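Enquirer: Before we start, here is the structure in question, set down as structure tokens.
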Amino acid sequence: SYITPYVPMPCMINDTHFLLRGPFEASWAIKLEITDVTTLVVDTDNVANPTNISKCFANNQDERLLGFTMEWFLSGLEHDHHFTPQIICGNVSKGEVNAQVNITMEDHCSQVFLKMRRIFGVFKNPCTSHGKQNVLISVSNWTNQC
Ligand SMILES: *[C@@H]1O[C@H](CO)[C@@H](O)[C@H](O)[C@H]1NC(C)=O
Ligand SMILES: *[C@@H]1O[C@H](CO)[C@@H](O)[C@H](O)[C@H]1NC(C)=O
Ligand SMILES: *[C@@H]1O[C@H](CO)[C@@H](O)[C@H](O)[C@H]1NC(C)=O
């Protein structure tokens, strides 16, 4: 198989906060926050799916590298046709997160949890408890958190 060079540096803050530092020691990092807080609402222009979630990082600088990193992150989930979480892009210029990933479905939550447990290791399972669950994806600055 082919080996991608755009592998981030993972670092887990806590059971609900995770960072993927951009490859080659980038000055940025993808921030992943597991939270039941809904910040975004369906709009005619912001609906996305796993296949074009990269379009939630359009106005960002080094958008190519961001797309490569998100591609690495979603390997094994985007190819799955039974992994259909609602994804809402956000207006980063208005202070909103880059993407909101609806993981309310027990199976979608389970898939995301297992991918992140392969990446970061053991942490609290968010799908045990029911109710709304989201993964907020944003781009933050690297301040040597780890
Ligand atoms: C996890 O880390 C974030 C970021 O530092 C912090 O704001 C939050 O309070 C922490 N959450 C818990 C459950 O301690
Ligand atoms: C992603 O593709 C779907 C159709 O497959 C479309 O509805 C949506 O607008 C696309 N996402 C973006 C951000 O353009
Ligand atoms: C997430 O999905 C659930 C059911 O699939 C739905 O009730 C909820 O409204 C969705 N979130 C948003 C912001 O639409």
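Identifiers in the structure tokens: chain A, B, ... in order shown; residue index from 1 per chain; ligand index from 1 in order shown.
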So that each row is one residue of chain A with an atom at most 7 Å from ligand 2, can you give its shortest atom pair and the distance in Å to one decimal, using only C-alpha atoms and all ligand atoms, rows by chain and rising number, as CSV?

Expert:
residue,atom,partner,partner_atom_place_in_ligand_line,distance
A:45,CA,ligand 2,9 (O),6.2
A:46,CA,ligand 2,13 (C),5.5
A:47,CA,ligand 2,8 (C),5.4
A:48,CA,ligand 2,11 (N),4.0
A:49,CA,ligand 2,1 (C),5.8
A:51,CA,ligand 2,1 (C),6.9
A:52,CA,ligand 2,1 (C),5.0
A:53,CA,ligand 2,13 (C),6.5
A:55,CA,ligand 2,13 (C),4.8
A:56,CA,ligand 2,13 (C),6.0
A:89,CA,ligand 2,13 (C),6.7

Enquirer: Taking the backbone alone, and naming residues the way the document does, which bits of region 59-100 of chain A are strand (DSSP E or B) by DSSP, as an mmCIF file with N, CA and C atoms, in the first residue's frame?

Expert:
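After the write, states39.cif holds the following:
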data_model
loop_
_atom_site.group_PDB
_atom_site.id
_atom_site.type_symbol
_atom_site.label_atom_id
_atom_site.label_comp_id
_atom_site.auth_asym_id
_atom_site.auth_seq_id
_atom_site.Cartn_x
_atom_site.Cartn_y
_atom_site.Cartn_z
ATOM 1 N N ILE A 87 -22.788 16.567 8.825
ATOM 2 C CA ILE A 87 -21.645 17.453 8.994
ATOM 3 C C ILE A 87 -22.042 18.844 8.527
ATOM 4 N N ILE A 88 -21.851 19.839 9.393
ATOM 5 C CA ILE A 88 -22.196 21.224 9.100
ATOM 6 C C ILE A 88 -20.922 22.052 9.122
ATOM 7 N N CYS A 89 -20.553 22.616 7.974
ATOM 8 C CA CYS A 89 -19.462 23.578 7.958
ATOM 9 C C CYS A 89 -19.886 24.858 8.683
ATOM 10 N N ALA A 99 -16.099 22.770 11.497
ATOM 11 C CA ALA A 99 -17.078 21.742 11.176
ATOM 12 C C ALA A 99 -17.715 21.227 12.462
ATOM 13 N N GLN A 100 -18.978 20.811 12.342
ATOM 14 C CA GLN A 100 -19.710 20.168 13.417
ATOM 15 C C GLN A 100 -20.176 18.807 12.913
#

Enquirer: Return as a PDB file with C-alpha atoms, in the first residue's frame every polymer residue, whether protein, DNA or RNA, with at least one atom no more than 8 Å from an atom of ligand 1; count only C-alpha atoms and all ligand atoms.

Expert:
ATOM      1  CA  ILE A  13      -5.699  17.012  26.201  1.00  0.00           C
ATOM      2  CA  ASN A  14      -8.452  15.141  28.050  1.00  0.00           C
ATOM      3  CA  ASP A  15     -11.446  12.824  27.613  1.00  0.00           C
ATOM      4  CA  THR A  16     -13.177  15.432  25.430  1.00  0.00           C
ATOM      5  CA  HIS A  17     -10.312  17.537  23.998  1.00  0.00           C
TER       6      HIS A  17
END

Enquirer: Do you know which residues are at most 8 Å from residue 18 (chain A) counting only C-alpha atoms, after dropping those on the same chain fewer than 5 positions away, and could you put them as JSON, numbers by chain?

Expert: {"A": [10, 11, 12, 13, 31, 32, 33]}

Enquirer: Write to file, as a compact mmCIF listing (two decimals), in the first residue's frame, the residues of the selection just made, with C-alpha atoms.

Expert:
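The resulting part08.txt:
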# COMPACT_ATOMS: atom_id res chain seq x y z
CA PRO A 10 -1.64 13.48 17.89
CA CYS A 11 -1.94 14.76 21.43
CA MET A 12 -4.80 14.17 23.84
CA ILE A 13 -5.70 17.01 26.20
CA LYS A 31 -8.74 20.78 17.37
CA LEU A 32 -11.31 18.06 18.10
CA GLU A 33 -13.80 18.65 20.92

Enquirer: Residues at most 6 Å from ligand 3, using only C-alpha atoms and all ligand atoms? Could they come as a list in words?

Expert: residues 38, 40, 41, 102 and 104 of chain A

Enquirer: Return as a PyMOL selection string the full set of residues in chain A whose backbone-based DSSP assignment is helix (DSSP H, G or I).

Expert: chain A and resi 53-57+63-73+92-94+106-120

Enquirer: What's the separation between CA of residue 106 (chain A) and CA of residue 36 (chain A), in Å to one decimal place?

Expert: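 Interatomic distance here is 13.6 Å.
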
Enquirer: Would you pick out the contacts of residue 138 (chain A) at 6 Å or less, using only C-alpha atoms, so that residues sharing its chain but fewer than 4 positions from it are not included, and give the list as a PyMOL selection string?

Expert: chain A and resi 30-31+97-98

Enquirer: Which is closest to residue 76 (chain A) among A:144, A:111, A:129, A:59, if we use only C-alpha atoms?

Expert: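 Using only C-alpha atoms, the shortest distance to residue 76 (chain A) belongs to A:111.
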
Enquirer: Just to confirm, what's the straight-line distance from CA of residue 75 (chain A) to CA of residue 94 (chain A) in Å (one decimal)?

Expert: 29.6 Å

Enquirer: For residue 9 (chain A), which of A:146, A:122, A:92, A:114 is the closest residue, counting only C-alpha atoms?

Expert: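 The closest residue to residue 9 (chain A) is A:146.
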
Enquirer: My list of candidates is A:35, A:86, A:4, A:54. Which is closest to residue 134 (chain A) when distances are computed with only C-alpha atoms?

Expert: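 Under the stated criterion, the closest residue is A:35.
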
Enquirer: Using only C-alpha atoms, find the one residue out of A:112, A:103, A:127, A:119 that sits nearest to residue 19 (chain A).

Expert: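 Nearest to residue 19 (chain A): A:119.
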
Enquirer: Using only C-alpha atoms, find the one residue out of A:110, A:91, A:142, A:57 that sits nearest to residue 43 (chain A).

Expert: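 Closest candidate: A:91.
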
Enquirer: Which one of A:105, A:28, A:34, A:79 sits closest to residue 126 (chain A) if you count only C-alpha atoms?

Expert: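 Checking each candidate against residue 126 (chain A), we get A:34 as the closest.
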